[PDB]
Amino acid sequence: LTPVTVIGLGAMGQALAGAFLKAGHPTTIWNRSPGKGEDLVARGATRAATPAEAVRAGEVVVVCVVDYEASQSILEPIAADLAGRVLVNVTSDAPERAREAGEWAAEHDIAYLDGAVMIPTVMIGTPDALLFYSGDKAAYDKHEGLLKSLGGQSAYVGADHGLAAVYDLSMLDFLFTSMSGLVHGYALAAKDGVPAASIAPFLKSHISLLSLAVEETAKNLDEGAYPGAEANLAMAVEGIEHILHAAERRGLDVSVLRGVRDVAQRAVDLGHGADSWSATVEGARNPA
């Protein structure tokens, strides 16, 4: 039963440590700020007094903090104590930061997986939870059972240390932008006296539509073909402008809709008014 260490006792670090304990792994925890995660110690975790003590207690060291400025500020002073252990950083950040961390790990003889948690804390430790990994495949295979205690959908995506961050940020781009639009549409409805509870059942239709659009948009963008006969971009721009101006008249922030509209109109300017929404990729890639 491989001993593991969790660096970071924010919401997600605590979830990761809890899943390791539930799976029966000896678990050691550490956080910059004191007093967090009381229940983890009640569940059997050892609380380390220093970062070096923490890493020396784990054959695998899992880091989950807010950014790589934070993670590397913790890890750089203790590089010598990471020798012979597998370092796994699941902090969400840019591929450039993951690649820099990977170069530093290689310099110090530290087996390295750079990863990402793609689901909320309550899903950690369940079969459906998705986590990405990239880097040392031998280390991933050796500790696959340990890692799968965090989520059944653990997905290794390649040896390049930035690849997990590519998949992570691309998906979060979609997710956060979508969550912004969800809040915004409910805010628009509320301005006109419609509670969100009345809109929510109908949005199931747009969730189903998004599932179809995931596949079609992927094929269109990979191909560079944007067939618009059944729904053209010029029509969509007019539709978006109606939303934009309605929300503006109601005193809502419309920075997001203005961006949606501007990127779409840019693609129209580039010749894509008869193409589908997928042609907006041309406006995103070729801004004015």
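Counting begins at 1, following the sequence as shown.
Mean Cα B-factor comparison, 110-118 or 169-177, giving the higher one as deposited:
Per the deposited B-factors, the answer is 110-118.
Do the CA atoms of 70-78 or those of 179-187 have the higher mean B-factor in the entry?
Of 179-187 and 70-78, the stretch with the higher C-alpha B-factor average is 70-78.
Go through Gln153, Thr217, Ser134, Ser92 one by one and give the residue whose Cα B-factor in the PDB entry is largest.
Highest C-alpha B-factor among the listed residues goes to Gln153.
For the listed residues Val194, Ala213, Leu87, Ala98, which one has the largest C-alpha B-factor as given in the deposited model?
Max CA B-factor in the entry, restricted to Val194, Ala213, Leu87, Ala98: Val194.
Rank-wise, by C-alpha B-factor, drop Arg258 into the lowest, middle or highest third of its chain.
For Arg258, whose C-alpha B-factor we compare with every modelled residue in the chain, the answer is the lowest third.
Is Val6 in the lowest, middle or highest third of its chain when residues are ranked by C-alpha B-factor?
CA B-factor rank for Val6: lowest third.
In terms of the chain's CA B-factor thirds, is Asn232 lowest, middle or highest?
Answer is lowest: the recorded C-alpha B-factor places it there.
C-alpha B factor of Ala17, ranked within the chain: lowest, middle or highest third?
As the PDB entry reports it, the C-alpha B-factor of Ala17 lands in the middle third of its chain.
Using the B-factors in the PDB entry, rank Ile243's C-alpha atom against the chain and give the third, lowest, middle or highest.
It falls in the bottom third of the chain.
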